[PDB]
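Number of protein chains: 6
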Amino acid sequence: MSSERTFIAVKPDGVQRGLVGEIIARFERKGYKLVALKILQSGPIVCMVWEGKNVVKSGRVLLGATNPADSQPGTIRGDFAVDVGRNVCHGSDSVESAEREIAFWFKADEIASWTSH
Amino acid sequence: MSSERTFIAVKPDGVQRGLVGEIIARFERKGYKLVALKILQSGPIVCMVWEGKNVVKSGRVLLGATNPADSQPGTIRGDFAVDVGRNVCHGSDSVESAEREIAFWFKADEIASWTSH
Amino acid sequence: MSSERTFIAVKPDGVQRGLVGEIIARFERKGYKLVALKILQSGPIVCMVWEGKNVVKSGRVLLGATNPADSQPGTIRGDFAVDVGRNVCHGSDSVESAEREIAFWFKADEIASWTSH
Amino acid sequence: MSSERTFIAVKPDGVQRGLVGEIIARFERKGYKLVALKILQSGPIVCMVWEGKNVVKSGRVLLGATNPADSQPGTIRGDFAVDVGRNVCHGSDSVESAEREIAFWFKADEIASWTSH
Amino acid sequence: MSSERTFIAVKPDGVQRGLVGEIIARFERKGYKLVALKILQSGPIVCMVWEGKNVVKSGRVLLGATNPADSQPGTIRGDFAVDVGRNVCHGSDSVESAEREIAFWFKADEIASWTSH
Amino acid sequence: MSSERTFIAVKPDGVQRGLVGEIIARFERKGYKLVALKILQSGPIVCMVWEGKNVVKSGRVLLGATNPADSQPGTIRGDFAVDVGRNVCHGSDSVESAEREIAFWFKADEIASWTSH
């Protein structure tokens, strides 16, 4: 509707195979503003937050069905995943649980903000 | 020689034109391990730290001569910059000042670490 | 069926974000012959005409549903548009109105022609 | 289920238009192990064999419906074919006829094998 | 220095092999404003005009030395040409003969103009 | 001068990181005819033979200086290698030793041949 946020993350298997550039770029080219980032340490992981109108449903469509075997080429699991264990990434589930996800990972100051062009 | 670090950053004009995916990927494909990331707010900026043997001279070669007019296609300023004012990025200058740069921006815990494959 | 023509165009928002290369190439790689081009001046716009068997339905499938929110990644609105106001391009609607569109924009001589390989 | 094989091949029209790199890479990036290759001489052709869990249905989804006019952008016929005569490639049909196809083209020794990472 | 123009063109062999998308995009991504286009009919050809500070020397560096055998990968002849007969394109020679080239091909009205972002 | 051959090969580290598509395509896009292929089994390896006028010096320029630290972005070692141990590939050394290399690996029949377009 306006200025809604959502939460993506990159599982240990993505990071390890060299995919962090690829994911980030697909979000840039759609039009969505990036607003916080960091890494953390099984294996390591990358956390982010993306802002624009509908970022919630759009994200889910970019990623592809959660069971690789069901997803479509053109999407991220469609071009790179094979099983549900090793499925490369997680994206925020609903315009509610965006918050329980964000607020549980990102302290107040970390989130920046600015106007685009 | 081994396990040396260096410091890249993405200027406000890069970020604004949608280049953060592109830069990150060129580092992934050469072989170098990524080890910390964050954003900050003129305009916003992205900070990183990359680890492997020679990451210092390699980085400089990936970016291209500081005066766009002098740099070569195939590199980052060669494919995307036109003048020295608006030149997209900064990369660490020497195996010394890597530190004065890192330590001045990144607190102890932020830097992670792990073994690759 | 044979040697049918159609009419694509690039809205002011496409042109402004730097997409004219991208669109043109997707038509080249499918197999379709290009046969006229020009630019014009809100904002500026790019006009074209493409020839082969079925170019009409194929074009529509390459572009994606007119409401970005409905279209699929892999297509042009799927990878780059977010709302219906700012939806990047227009493609010819039917094997009839191809003409009312062409003939209304392109004078007799402008249309070239040649044999391929 | 485990360690199943399948058989892809590249028709004379693919080879002639310069597509052998493109096809091979789409298989590499999904995760599947390559295990034999060769060429042969109408026109010439390229034969291969790919191994992992489900390689059979996955292959078919990567290629797209056999009638170009029916297939979806993001897939190989979706991005490059126009008619059913000149449709670029053939991929193995079922977990049975994988064999009648393989064994009819590839002598015992040609098939290699190794462990991945 | 400011707002200088230059003249690129695409030879019959480029056009025929499917390169018009590729060339145009390399100019878009550097930063230069596009300002007129058309096609014409041996074989057909594509004409253009590009505007920004230094577009003259930059163009020449993007294309590569005129003798393919001498040019460097990363540039247009470096990635696609083999001999000097069949060398894909022509780019304007000097900030003078930009004019004798432009004015000899493009009537007054065809050249548009606009402000960017 | 005409119809000279040369010999490329892909080391175990290339194959393992998923590069066989990438290499092959760079040869396709320059213009050179492919004429034999196979695989073999430390680790496995891929062998090939490429034909056109000057394929010998061109190949060497596409690959980059043998010491990664010396080579230039835009080339294959420039974009992907870091040390001389793990340097991804080998390409034929001179218009003589093309033969001692070819003939030592490829039996008479394996080499095909055909006319292009």
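The listed protein sequences correspond, in order, to chains A, B, C, D, E and F.
At position 29 of the first sequence the residue is numbered 31 (this note's numbering), and the sequence of numbers has no breaks.
At position 19 of the second sequence the residue is numbered 21 (this note's numbering), and the sequence of numbers has no breaks.
At position 33 of the third sequence the residue is numbered 35 (this note's numbering), and the sequence of numbers has no breaks.
At position 40 of the fourth sequence the residue is numbered 42 (this note's numbering), and the sequence of numbers has no breaks.
At position 75 of the fifth sequence the residue is numbered 77 (this note's numbering), and the sequence of numbers has no breaks.
At position 15 of the sixth sequence the residue is numbered 17 (this note's numbering), and the sequence of numbers has no breaks.
No residue lacks a Cβ here, since even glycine has one placed at the ideal position from N, Cα and C.
Express the C-alpha separation of residue j and residue i in angstroms, rounding to a whole number.
i: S4(B); j: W52(A); result: 37 angstroms
i: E101(B); j: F29(B); result: 20 angstroms
i: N56(E); j: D81(A); result: 41 angstroms
i: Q43(C); j: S115(E); result: 7 angstroms
i: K109(C); j: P46(B); result: 49 angstroms
i: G54(B); j: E112(B); result: 18 angstroms
i: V86(C); j: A38(F); result: 51 angstroms
i: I26(E); j: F106(D); result: 47 angstroms
i: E6(C); j: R19(D); result: 23 angstroms
i: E103(D); j: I78(D); result: 21 angstroms
i: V12(C); j: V48(C); result: 5 angstroms
i: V17(D); j: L21(F); result: 19 angstroms
i: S44(F); j: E24(F); result: 23 angstroms
i: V97(E); j: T8(F); result: 43 angstroms
i: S99(A); j: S99(B); result: 43 angstroms
Using CA coordinates, which residue listed in the options is at the minimum distance from residue i?
i: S60(C); options: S118(C), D95(C), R102(C), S99(C); result: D95(C)
i: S118(D); options: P75(D), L36(D), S73(D); result: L36(D)
i: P70(B); options: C91(B), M50(B), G54(B); result: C91(B)
i: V84(C); options: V12(A), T8(A), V22(A), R31(A); result: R31(A)
i: residue 124(F); options: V17(F), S44(F), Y34(F); result: What the structure shows of chain F is the stretch from 3 to 119, and residue 124(F) is not part of that stretch, so it cannot be assessed.
Which residues in the same chain as residue i place their Cβ atom closer than 6 angstroms to its Cβ, once the five residues preceding and following it in sequence are excluded?
i: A67(C); result: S73
i: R88(A); result: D15
i: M50(F); result: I10, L39
Keeping to the same chain, check which residues put their C-beta closer than 7 angstroms to that of residue i; ignore five residues upstream and five downstream.
i: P75(F); result: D81
i: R62(B); result: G93
i: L65(E); result: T77, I78, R79, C91, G93
Per DSSP, residue i forms a beta bridge with which residues?
i: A71(F); result: DSSP output for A71(F) lists no bridge partner at all.
i: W52(C); result: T8(C), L36(C)
i: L42(D); result: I47(D)
i: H92(C); result: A11(C)
Under 8 angstroms between the Cβ atoms of residue i and residue j?
i: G93(C); j: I41(C); result: no
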